[PDB]
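A.B. asks: This is query13.cif (mmCIF, C-alpha atoms and all ligand atoms).
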data_entry
loop_
_atom_site.group_PDB
_atom_site.id
_atom_site.type_symbol
_atom_site.label_atom_id
_atom_site.label_comp_id
_atom_site.auth_asym_id
_atom_site.auth_seq_id
_atom_site.Cartn_x
_atom_site.Cartn_y
_atom_site.Cartn_z
ATOM 1 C CA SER A 2 92.697 109.633 91.321
ATOM 2 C CA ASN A 3 90.006 107.052 90.505
ATOM 3 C CA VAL A 4 91.021 103.956 92.479
ATOM 4 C CA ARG A 5 90.000 100.435 91.465
ATOM 5 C CA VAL A 6 90.701 97.006 92.931
ATOM 6 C CA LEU A 7 92.034 94.643 90.261
ATOM 7 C CA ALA A 8 92.572 91.502 92.361
ATOM 8 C CA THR A 9 92.068 90.228 95.910
ATOM 9 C CA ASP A 10 93.061 87.189 97.972
ATOM 10 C CA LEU A 11 96.710 87.590 96.913
ATOM 11 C CA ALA A 12 99.249 86.106 99.349
ATOM 12 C CA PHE A 13 101.432 89.177 100.004
ATOM 13 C CA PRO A 14 101.562 90.676 96.500
ATOM 14 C CA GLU A 15 104.747 92.378 95.323
ATOM 15 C CA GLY A 16 106.884 93.012 92.226
ATOM 16 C CA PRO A 17 104.140 94.113 89.824
ATOM 17 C CA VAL A 18 105.119 94.184 86.151
ATOM 18 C CA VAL A 19 102.454 95.824 83.975
ATOM 19 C CA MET A 20 102.390 94.366 80.488
ATOM 20 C CA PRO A 21 101.538 96.375 77.357
ATOM 21 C CA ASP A 22 98.005 94.905 77.287
ATOM 22 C CA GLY A 23 97.331 95.987 80.871
ATOM 23 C CA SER A 24 97.716 92.532 82.365
ATOM 24 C CA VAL A 25 99.948 92.389 85.462
ATOM 25 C CA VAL A 26 102.478 89.695 86.331
ATOM 26 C CA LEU A 27 103.421 89.875 89.999
ATOM 27 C CA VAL A 28 104.857 87.800 92.823
ATOM 28 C CA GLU A 29 102.968 86.389 95.812
ATOM 29 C CA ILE A 30 105.722 86.115 98.406
ATOM 30 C CA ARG A 31 103.709 84.039 100.884
ATOM 31 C CA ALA A 32 102.303 81.697 98.208
ATOM 32 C CA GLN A 33 105.748 81.430 96.550
ATOM 33 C CA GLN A 34 104.502 81.937 93.029
ATOM 34 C CA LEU A 35 104.394 84.235 90.026
ATOM 35 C CA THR A 36 100.813 85.177 89.130
ATOM 36 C CA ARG A 37 99.151 86.810 86.116
ATOM 37 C CA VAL A 38 96.166 89.110 86.679
ATOM 38 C CA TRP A 39 94.071 89.959 83.640
ATOM 39 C CA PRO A 40 91.861 93.037 83.176
ATOM 40 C CA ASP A 41 88.772 90.828 82.746
ATOM 41 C CA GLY A 42 89.300 89.874 86.422
ATOM 42 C CA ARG A 43 90.692 86.377 85.929
ATOM 43 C CA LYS A 44 93.970 85.259 87.503
ATOM 44 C CA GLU A 45 96.357 82.449 86.573
ATOM 45 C CA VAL A 46 99.453 81.096 88.281
ATOM 46 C CA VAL A 47 102.379 81.417 85.873
ATOM 47 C CA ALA A 48 104.939 79.509 87.936
ATOM 48 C CA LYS A 49 105.747 78.242 91.408
ATOM 49 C CA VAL A 50 108.953 79.887 92.648
ATOM 50 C CA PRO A 51 110.069 78.211 95.894
ATOM 51 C CA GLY A 52 111.368 80.430 98.649
ATOM 52 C CA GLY A 53 110.558 84.122 98.709
ATOM 53 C CA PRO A 54 109.940 85.659 95.284
ATOM 54 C CA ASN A 55 110.144 89.359 96.129
ATOM 55 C CA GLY A 56 110.530 91.486 92.987
ATOM 56 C CA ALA A 57 110.213 91.035 89.251
ATOM 57 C CA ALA A 58 111.305 92.644 86.006
ATOM 58 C CA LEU A 59 110.946 91.591 82.372
ATOM 59 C CA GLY A 60 114.286 90.927 80.760
ATOM 60 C CA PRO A 61 115.786 91.290 77.292
ATOM 61 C CA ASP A 62 115.269 87.566 76.719
ATOM 62 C CA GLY A 63 111.539 87.937 77.367
ATOM 63 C CA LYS A 64 111.807 86.007 80.628
ATOM 64 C CA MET A 65 110.749 87.355 84.025
ATOM 65 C CA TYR A 66 113.721 87.971 86.316
ATOM 66 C CA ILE A 67 113.031 87.473 90.033
ATOM 67 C CA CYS A 68 114.674 88.593 93.257
ATOM 68 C CA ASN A 69 114.251 85.620 95.598
ATOM 69 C CA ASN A 70 114.855 86.562 99.232
ATOM 70 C CA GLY A 71 115.033 82.899 100.266
ATOM 71 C CA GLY A 72 111.845 82.893 102.327
ATOM 72 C CA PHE A 73 110.387 84.690 105.348
ATOM 73 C CA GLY A 74 108.602 83.559 108.502
ATOM 74 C CA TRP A 75 104.927 84.529 108.474
ATOM 75 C CA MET A 83 102.898 89.678 108.012
ATOM 76 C CA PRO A 84 106.451 88.517 107.245
ATOM 77 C CA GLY A 85 109.162 88.166 109.844
ATOM 78 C CA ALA A 86 112.600 86.712 110.422
ATOM 79 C CA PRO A 87 112.798 83.257 108.768
ATOM 80 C CA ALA A 88 113.274 80.346 111.122
ATOM 81 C CA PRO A 89 116.307 78.392 109.856
ATOM 82 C CA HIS A 90 114.253 75.828 107.897
ATOM 83 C CA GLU A 91 112.124 78.492 106.156
ATOM 84 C CA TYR A 92 115.221 80.044 104.498
ATOM 85 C CA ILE A 93 116.795 78.424 101.427
ATOM 86 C CA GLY A 94 119.236 81.178 100.452
ATOM 87 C CA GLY A 95 118.792 84.292 98.370
ATOM 88 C CA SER A 96 119.139 84.222 94.619
ATOM 89 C CA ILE A 97 118.468 85.847 91.279
ATOM 90 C CA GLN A 98 116.190 83.691 89.128
ATOM 91 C CA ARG A 99 114.514 83.686 85.723
ATOM 92 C CA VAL A 100 111.071 82.355 84.791
ATOM 93 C CA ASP A 101 109.794 81.372 81.354
ATOM 94 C CA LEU A 102 106.356 82.998 81.110
ATOM 95 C CA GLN A 103 105.231 80.206 78.742
ATOM 96 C CA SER A 104 106.486 77.003 80.396
ATOM 97 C CA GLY A 105 106.884 78.140 84.002
ATOM 98 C CA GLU A 106 110.452 76.820 84.053
ATOM 99 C CA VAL A 107 112.459 78.464 86.844
ATOM 100 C CA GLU A 108 116.247 78.708 86.554
ATOM 101 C CA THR A 109 118.553 80.009 89.266
ATOM 102 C CA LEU A 110 121.205 82.373 87.894
ATOM 103 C CA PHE A 111 123.184 83.717 90.872
ATOM 104 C CA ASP A 112 123.210 82.746 94.538
ATOM 105 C CA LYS A 113 126.458 84.503 95.508
ATOM 106 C CA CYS A 114 128.690 87.442 94.618
ATOM 107 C CA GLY A 115 132.353 86.566 94.873
ATOM 108 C CA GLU A 116 132.720 84.357 97.936
ATOM 109 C CA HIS A 117 129.625 85.833 99.622
ATOM 110 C CA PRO A 118 126.145 84.276 99.403
ATOM 111 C CA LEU A 119 123.290 86.598 98.514
ATOM 112 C CA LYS A 120 121.076 87.100 101.544
ATOM 113 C CA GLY A 121 117.733 88.678 100.723
ATOM 114 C CA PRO A 122 117.462 90.017 97.174
ATOM 115 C CA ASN A 123 114.486 92.359 97.036
ATOM 116 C CA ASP A 124 113.854 94.384 93.862
ATOM 117 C CA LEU A 125 115.522 94.998 90.513
ATOM 118 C CA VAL A 126 115.689 97.141 87.381
ATOM 119 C CA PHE A 127 117.285 96.691 83.952
ATOM 120 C CA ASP A 128 119.429 99.351 82.299
ATOM 121 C CA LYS A 129 119.172 99.880 78.541
ATOM 122 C CA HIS A 130 122.087 97.530 77.808
ATOM 123 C CA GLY A 131 120.485 94.604 79.624
ATOM 124 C CA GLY A 132 122.491 95.000 82.817
ATOM 125 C CA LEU A 133 120.533 94.267 85.967
ATOM 126 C CA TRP A 134 120.585 96.269 89.197
ATOM 127 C CA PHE A 135 119.162 94.714 92.332
ATOM 128 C CA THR A 136 118.938 95.378 96.041
ATOM 129 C CA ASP A 137 119.681 93.080 98.975
ATOM 130 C CA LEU A 138 117.533 93.756 102.044
ATOM 131 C CA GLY A 139 119.483 91.189 104.058
ATOM 132 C CA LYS A 140 117.957 88.719 106.493
ATOM 133 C CA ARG A 141 116.962 89.231 110.119
ATOM 134 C CA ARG A 142 118.174 86.654 112.628
ATOM 135 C CA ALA A 143 117.386 86.335 116.316
ATOM 136 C CA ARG A 144 119.840 88.937 117.621
ATOM 137 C CA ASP A 145 121.360 90.557 114.532
ATOM 138 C CA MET A 146 120.623 91.487 110.937
ATOM 139 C CA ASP A 147 122.450 91.791 107.646
ATOM 140 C CA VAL A 148 123.438 95.154 106.234
ATOM 141 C CA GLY A 149 121.928 96.354 102.964
ATOM 142 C CA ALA A 150 123.550 96.200 99.565
ATOM 143 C CA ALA A 151 123.074 96.821 95.856
ATOM 144 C CA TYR A 152 124.500 94.709 93.040
ATOM 145 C CA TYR A 153 124.808 94.957 89.273
ATOM 146 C CA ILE A 154 124.839 91.988 86.913
ATOM 147 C CA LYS A 155 126.690 92.756 83.679
ATOM 148 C CA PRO A 156 124.860 92.492 80.341
ATOM 149 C CA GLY A 157 124.603 88.903 79.222
ATOM 150 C CA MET A 158 124.544 87.711 82.857
ATOM 151 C CA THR A 159 128.310 87.237 82.688
ATOM 152 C CA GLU A 160 129.435 88.671 86.041
ATOM 153 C CA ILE A 161 127.849 89.994 89.234
ATOM 154 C CA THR A 162 129.456 92.895 91.084
ATOM 155 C CA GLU A 163 128.922 94.631 94.420
ATOM 156 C CA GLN A 164 128.238 98.341 93.914
ATOM 157 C CA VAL A 165 126.878 99.455 97.326
ATOM 158 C CA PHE A 166 127.437 97.762 100.659
ATOM 159 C CA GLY A 167 126.959 98.610 104.295
ATOM 160 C CA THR A 168 123.803 100.696 104.353
ATOM 161 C CA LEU A 169 120.739 99.714 106.372
ATOM 162 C CA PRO A 170 118.514 97.292 104.410
ATOM 163 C CA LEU A 171 117.825 98.380 100.817
ATOM 164 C CA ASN A 172 114.523 97.736 99.085
ATOM 165 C CA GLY A 173 113.241 99.749 96.142
ATOM 166 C CA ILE A 174 115.610 100.478 93.273
ATOM 167 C CA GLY A 175 115.321 102.455 90.070
ATOM 168 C CA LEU A 176 117.172 104.425 87.424
ATOM 169 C CA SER A 177 116.791 108.060 86.445
ATOM 170 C CA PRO A 178 115.403 108.679 82.934
ATOM 171 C CA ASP A 179 118.926 109.286 81.579
ATOM 172 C CA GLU A 180 120.139 106.295 83.657
ATOM 173 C CA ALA A 181 123.040 108.354 85.057
ATOM 174 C CA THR A 182 121.670 107.980 88.619
ATOM 175 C CA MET A 183 120.552 104.887 90.535
ATOM 176 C CA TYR A 184 118.106 105.262 93.409
ATOM 177 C CA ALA A 185 117.798 102.859 96.337
ATOM 178 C CA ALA A 186 115.244 103.087 99.143
ATOM 179 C CA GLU A 187 116.510 102.395 102.670
ATOM 180 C CA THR A 188 113.654 100.687 104.467
ATOM 181 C CA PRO A 189 113.805 101.414 108.234
ATOM 182 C CA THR A 190 114.925 105.043 107.902
ATOM 183 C CA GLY A 191 112.524 106.146 105.185
ATOM 184 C CA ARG A 192 115.484 107.589 103.272
ATOM 185 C CA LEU A 193 115.897 107.596 99.498
ATOM 186 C CA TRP A 194 119.545 107.319 98.438
ATOM 187 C CA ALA A 195 120.950 108.539 95.112
ATOM 188 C CA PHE A 196 124.104 107.108 93.523
ATOM 189 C CA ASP A 197 125.852 108.758 90.590
ATOM 190 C CA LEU A 198 126.948 106.382 87.834
ATOM 191 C CA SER A 199 130.161 106.996 85.905
ATOM 192 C CA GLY A 200 128.859 104.499 83.350
ATOM 193 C CA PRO A 201 126.440 101.567 83.097
ATOM 194 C CA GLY A 202 126.667 99.398 86.205
ATOM 195 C CA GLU A 203 129.309 101.514 87.979
ATOM 196 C CA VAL A 204 128.729 103.812 90.943
ATOM 197 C CA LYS A 205 131.209 106.654 91.457
ATOM 198 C CA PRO A 206 131.644 108.091 94.982
ATOM 199 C CA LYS A 215 129.310 106.091 97.690
ATOM 200 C CA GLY A 216 126.052 108.030 97.512
ATOM 201 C CA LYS A 217 123.848 110.352 99.523
ATOM 202 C CA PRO A 218 120.346 110.443 101.044
ATOM 203 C CA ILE A 219 118.349 113.071 99.182
ATOM 204 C CA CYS A 220 115.120 112.687 101.189
ATOM 205 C CA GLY A 221 114.389 111.498 104.694
ATOM 206 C CA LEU A 222 110.777 111.298 105.764
ATOM 207 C CA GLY A 223 109.851 112.321 109.259
ATOM 208 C CA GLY A 224 107.970 110.511 111.963
ATOM 209 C CA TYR A 225 107.643 106.727 111.863
ATOM 210 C CA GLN A 226 107.613 105.933 108.145
ATOM 211 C CA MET A 227 109.510 103.223 106.260
ATOM 212 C CA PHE A 228 110.187 102.653 102.581
ATOM 213 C CA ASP A 229 109.531 99.598 100.402
ATOM 214 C CA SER A 230 109.736 99.450 96.578
ATOM 215 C CA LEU A 231 109.546 102.240 94.005
ATOM 216 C CA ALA A 232 108.988 103.319 90.399
ATOM 217 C CA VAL A 233 110.387 106.330 88.552
ATOM 218 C CA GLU A 234 108.322 108.870 86.585
ATOM 219 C CA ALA A 235 109.213 110.234 83.149
ATOM 220 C CA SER A 236 109.712 113.553 84.956
ATOM 221 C CA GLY A 237 112.469 111.984 87.053
ATOM 222 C CA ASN A 238 110.405 111.894 90.239
ATOM 223 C CA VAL A 239 110.785 108.741 92.334
ATOM 224 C CA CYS A 240 107.532 107.255 93.653
ATOM 225 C CA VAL A 241 108.230 105.168 96.750
ATOM 226 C CA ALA A 242 105.809 102.840 98.522
ATOM 227 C CA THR A 243 105.682 104.059 102.120
ATOM 228 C CA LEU A 244 104.973 101.653 104.960
ATOM 229 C CA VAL A 245 103.296 102.545 108.286
ATOM 230 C CA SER A 246 101.795 105.733 106.866
ATOM 231 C CA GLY A 247 100.426 103.799 103.871
ATOM 232 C CA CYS A 248 101.015 106.006 100.844
ATOM 233 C CA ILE A 249 103.143 106.659 97.779
ATOM 234 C CA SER A 250 105.827 109.266 98.507
ATOM 235 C CA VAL A 251 106.730 111.239 95.373
ATOM 236 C CA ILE A 252 110.275 112.606 95.624
ATOM 237 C CA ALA A 253 111.794 115.062 93.165
ATOM 238 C CA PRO A 254 115.305 114.466 91.787
ATOM 239 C CA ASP A 255 116.534 117.214 94.147
ATOM 240 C CA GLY A 256 114.981 115.394 97.113
ATOM 241 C CA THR A 257 111.901 117.565 97.559
ATOM 242 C CA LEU A 258 108.898 115.664 98.876
ATOM 243 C CA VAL A 259 106.403 116.551 96.150
ATOM 244 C CA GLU A 260 103.368 114.770 97.623
ATOM 245 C CA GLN A 261 102.126 111.710 99.501
ATOM 246 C CA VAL A 262 99.230 109.783 97.956
ATOM 247 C CA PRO A 263 97.323 107.664 100.521
ATOM 248 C CA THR A 264 96.492 104.101 99.542
ATOM 249 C CA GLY A 265 94.494 102.768 102.499
ATOM 250 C CA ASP A 266 96.987 100.066 103.557
ATOM 251 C CA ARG A 267 99.806 100.535 106.057
ATOM 252 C CA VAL A 268 101.646 97.730 104.200
ATOM 253 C CA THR A 269 101.886 99.405 100.772
ATOM 254 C CA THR A 270 104.839 97.728 99.107
ATOM 255 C CA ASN A 271 105.290 98.512 95.414
ATOM 256 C CA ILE A 272 104.138 100.599 92.454
ATOM 257 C CA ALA A 273 104.506 100.208 88.690
ATOM 258 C CA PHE A 274 103.269 102.323 85.785
ATOM 259 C CA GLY A 275 101.229 101.151 82.856
ATOM 260 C CA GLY A 276 98.180 101.740 80.747
ATOM 261 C CA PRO A 277 97.760 104.563 78.224
ATOM 262 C CA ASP A 278 100.708 106.978 78.383
ATOM 263 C CA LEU A 279 101.921 105.011 81.455
ATOM 264 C CA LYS A 280 99.569 107.214 83.486
ATOM 265 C CA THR A 281 98.022 104.411 85.555
ATOM 266 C CA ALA A 282 99.752 103.409 88.794
ATOM 267 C CA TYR A 283 99.464 99.727 89.762
ATOM 268 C CA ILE A 284 100.080 99.319 93.480
ATOM 269 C CA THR A 285 100.399 96.248 95.693
ATOM 270 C CA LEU A 286 98.562 96.529 99.036
ATOM 271 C CA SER A 287 100.240 93.584 100.722
ATOM 272 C CA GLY A 288 98.297 93.916 103.955
ATOM 273 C CA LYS A 289 94.901 93.677 102.255
ATOM 274 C CA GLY A 290 96.215 91.178 99.703
ATOM 275 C CA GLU A 291 95.175 93.447 96.847
ATOM 276 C CA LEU A 292 96.430 94.765 93.558
ATOM 277 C CA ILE A 293 94.926 98.171 92.810
ATOM 278 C CA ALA A 294 95.097 100.698 89.987
ATOM 279 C CA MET A 295 95.035 104.479 90.348
ATOM 280 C CA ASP A 296 95.027 107.396 87.937
ATOM 281 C CA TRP A 297 98.389 109.189 88.033
ATOM 282 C CA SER A 298 98.740 112.852 87.119
ATOM 283 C CA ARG A 299 102.085 112.360 85.321
ATOM 284 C CA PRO A 300 103.376 109.520 83.138
ATOM 285 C CA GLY A 301 105.723 106.842 84.339
ATOM 286 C CA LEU A 302 109.222 106.221 83.051
ATOM 287 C CA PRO A 303 109.140 103.470 80.400
ATOM 288 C CA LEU A 304 111.023 100.426 81.637
ATOM 289 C CA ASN A 305 113.671 98.878 79.420
ATOM 290 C CA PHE A 306 112.555 95.699 77.645
ATOM 291 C CA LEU A 307 108.943 96.240 78.758
ATOM 292 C CA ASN A 308 107.794 99.666 77.582
ATOM 293 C CA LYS A 309 110.602 100.740 75.216
HETATM 294 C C1 LIG B 401 107.975 95.066 103.979
HETATM 295 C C2 LIG B 401 109.405 94.823 103.542
HETATM 296 O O1 LIG B 401 110.315 95.327 104.532
HETATM 297 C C3 LIG B 401 109.721 93.359 103.288
HETATM 298 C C4 LIG B 401 109.111 92.768 102.006
HETATM 299 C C5 LIG B 401 109.000 93.703 100.826
HETATM 300 O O2 LIG B 401 110.054 94.028 100.228
HETATM 301 O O3 LIG B 401 107.851 94.082 100.503
HETATM 302 CA CA CA B 402 110.258 95.446 97.985
HETATM 303 NA NA NA B 403 108.034 98.994 90.991
#
The structure in this file should be written as structure tokens.

C.D. replies:
Amino acid sequence: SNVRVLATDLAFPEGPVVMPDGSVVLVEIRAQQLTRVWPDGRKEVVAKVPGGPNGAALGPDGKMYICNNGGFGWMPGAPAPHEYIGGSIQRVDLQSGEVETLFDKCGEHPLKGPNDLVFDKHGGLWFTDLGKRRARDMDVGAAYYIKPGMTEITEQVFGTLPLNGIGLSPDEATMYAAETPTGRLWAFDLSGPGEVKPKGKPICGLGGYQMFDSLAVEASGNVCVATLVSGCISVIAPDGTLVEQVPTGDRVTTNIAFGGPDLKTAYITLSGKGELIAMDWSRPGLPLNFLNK
């Protein structure tokens, strides 16, 4: 595990997407932008994304899809009314910087705090809703699926505590969602693309005072979840076994993504230190659709 710092002075980094050349496109939630970090050290702003760009994934159209949580109040906190512009799913052209909003509601219900997302092999898009915190109450968590072609958005999970990381098993027959305040990883069986069958179960619950953020799946099927408070990556087997916890040095470790040769480099956002780091990983990551395969 040779650790290296790839970038500093990032304004709450999140949603790393590791390109084939080893460059990383990621979101800076606090600076409200999409940023490109190159291996020669240089950084460039790809696009300004007003609000709270929270997670990213490359899509079948070659554009970067974004979970926009609508904005926080800044370490993040509950957004004062004016700092919140509504949650949405957006799309950014990595060549012009043009930002287009795709969805801001599901049925008659506005999206609250979209957080992270993952494409299935047909181009359907899964994403989590962390909800928003208000003065005396908070939204419940949810997970949504947007049908291939961006034709329809559907509610698949609703009424958990806030949901954060999301991924698919290698065979894409199981969707995983990380429940933030409980440090529980939930597994949902899929009867087919975009459709949960009964709605799921927690396969791992960490002890103590540990919370979950975003995640990435390994080719083995293990789920690697950024773990807040204790500051590590929690590696969870498909059967829920806690395989290991890899310390990162930051209590606010938020996301992980695999890249490099054989997808055996882990790229991790340390959102407390404002850093993007890379780390040797003993096993290869799961190739993401429309990025790695
Ligand atoms: C720390 C989280 O609960 C909020 C932002 C994030 O998804 O990284
Ligand atoms: Ca997240
Ligand atoms: Na990730």

A.B. asks: If the PyMOL selection byres (((chain A and resi 287) around 9) and not hetatm) is run on the structure shown, which residues does it catch, given as number ranges by chain?

C.D. replies: A: 11-15, 83, 266-271, 285-286, 288-292

A.B. asks: Using the chain letters and residue numbers of this document, give as a list in words the residues selected by the PyMOL selection byres (((chain A and resi 40-49) around 7) and not hetatm).

C.D. replies: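 Those residues are residues 7, 8, 23, 24, 33, 34, 35, 36, 37, 38, 39, 50, 51, 102 and 105 of chain A.
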
A.B. asks: Determine, for each residue of chain A having at least one atom at most 6 Å from an atom of ligand LIG 401 (chain B), the closest pair of atoms and their separation in Å to one decimal, counting all atoms listed in the file; order by chain and ascending number, as JSON lines.

C.D. replies:
{"residue": "A:123", "atom": "CA", "partner": "B:LIG401", "partner_atom": "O2", "distance": 5.7}
{"residue": "A:172", "atom": "CA", "partner": "B:LIG401", "partner_atom": "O2", "distance": 5.9}
{"residue": "A:229", "atom": "CA", "partner": "B:LIG401", "partner_atom": "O2", "distance": 5.6}
{"residue": "A:270", "atom": "CA", "partner": "B:LIG401", "partner_atom": "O3", "distance": 4.9}

A.B. asks: For the contact check between range 35-87 of chain A and range 128-147 of chain A, emit one row per residue of range 35-87 of chain A within 10 Å, containing the shortest atom pair and the distance in Å rounded to one decimal, counting all atoms listed in the file, chain then rising number order, as CSV.

C.D. replies:
residue,atom,partner,partner_atom,distance
A:56,CA,A:135,CA,9.2
A:58,CA,A:133,CA,9.4
A:60,CA,A:131,CA,7.3
A:61,CA,A:131,CA,6.2
A:62,CA,A:131,CA,9.2
A:66,CA,A:133,CA,9.3
A:67,CA,A:135,CA,9.8
A:68,CA,A:135,CA,7.6
A:69,CA,A:137,CA,9.8
A:70,CA,A:137,CA,8.1
A:71,CA,A:140,CA,9.0
A:72,CA,A:140,CA,9.4
A:73,CA,A:140,CA,8.7
A:85,CA,A:141,CA,7.9
A:86,CA,A:141,CA,5.0
A:87,CA,A:141,CA,7.4

A.B. asks: Evaluate the PyMOL selection byres (((chain A and resi 20) around 12) and not hetatm) here and jot the selected residues down as number ranges by chain.

C.D. replies: A: 17-19, 21-27, 37-40, 58-59, 63, 65, 273-277, 279, 283, 303-304, 306-309

A.B. asks: Taking into account all atoms listed in the file, which residue in the set A:173, A:89, A:74, A:200 is nearest to ligand CA 402 (chain B)?

C.D. replies: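 Checking each of A:173, A:89, A:74, A:200 against ligand CA 402 (chain B), counting all atoms listed in the file, the winner is A:173.
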
A.B. asks: What are the centre and the three edge lengths of an axis-aligned box that wraps all atoms of range 252-271 of chain A in the file, given that 4 Å is added to every side, written as JSON and rounded to one decimal in Å?

C.D. replies:
{"center_x": 105.5, "center_y": 107.6, "center_z": 98.9, "size_x": 30.0, "size_y": 27.8, "size_z": 22.3}

A.B. asks: Find the residues around residue 195 in chain A up to 7 Å (all atoms listed in the file counted), leave out those fewer than 4 positions away in its own chain, and share them as JSON, numbers by chain.

C.D. replies: {"A": [182, 183, 184, 185, 216, 217, 218, 219]}

A.B. asks: Output range 38-50 of chain A with N, CA and C atoms present, as a CSV table (one decimal), in the frame of the given file.

C.D. replies:
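The result, written out as out_9.csv:
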chain,number,residue,atom,x,y,z
A,38,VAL,N,97.5,88.5,86.4
A,38,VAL,CA,96.2,89.1,86.7
A,38,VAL,C,95.7,89.8,85.4
A,39,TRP,N,94.6,89.4,84.9
A,39,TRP,CA,94.1,90.0,83.6
A,39,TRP,C,93.0,91.1,83.9
A,40,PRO,N,92.9,92.0,83.0
A,40,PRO,CA,91.9,93.0,83.2
A,40,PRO,C,90.4,92.5,83.2
A,41,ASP,N,90.1,91.4,82.6
A,41,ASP,CA,88.8,90.8,82.7
A,41,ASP,C,88.5,90.2,84.1
A,42,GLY,N,89.4,90.3,85.1
A,42,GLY,CA,89.3,89.9,86.4
A,42,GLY,C,90.0,88.6,86.7
A,43,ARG,N,90.1,87.7,85.7
A,43,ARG,CA,90.7,86.4,85.9
A,43,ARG,C,92.2,86.4,86.3
A,44,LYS,N,92.6,85.4,87.1
A,44,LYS,CA,94.0,85.3,87.5
A,44,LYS,C,94.5,83.9,87.1
A,45,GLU,N,95.7,83.8,86.8
A,45,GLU,CA,96.4,82.4,86.6
A,45,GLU,C,97.7,82.4,87.2
A,46,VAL,N,98.1,81.3,87.7
A,46,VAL,CA,99.5,81.1,88.3
A,46,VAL,C,100.4,80.8,87.1
A,47,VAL,N,101.4,81.6,87.0
A,47,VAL,CA,102.4,81.4,85.9
A,47,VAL,C,103.4,80.4,86.3
A,48,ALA,N,103.9,80.4,87.5
A,48,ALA,CA,104.9,79.5,87.9
A,48,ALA,C,105.0,79.5,89.5
A,49,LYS,N,105.4,78.3,90.0
A,49,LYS,CA,105.7,78.2,91.4
A,49,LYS,C,107.2,78.6,91.5
A,50,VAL,N,107.6,79.4,92.5
A,50,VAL,CA,109.0,79.9,92.6
A,50,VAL,C,109.3,79.7,94.1
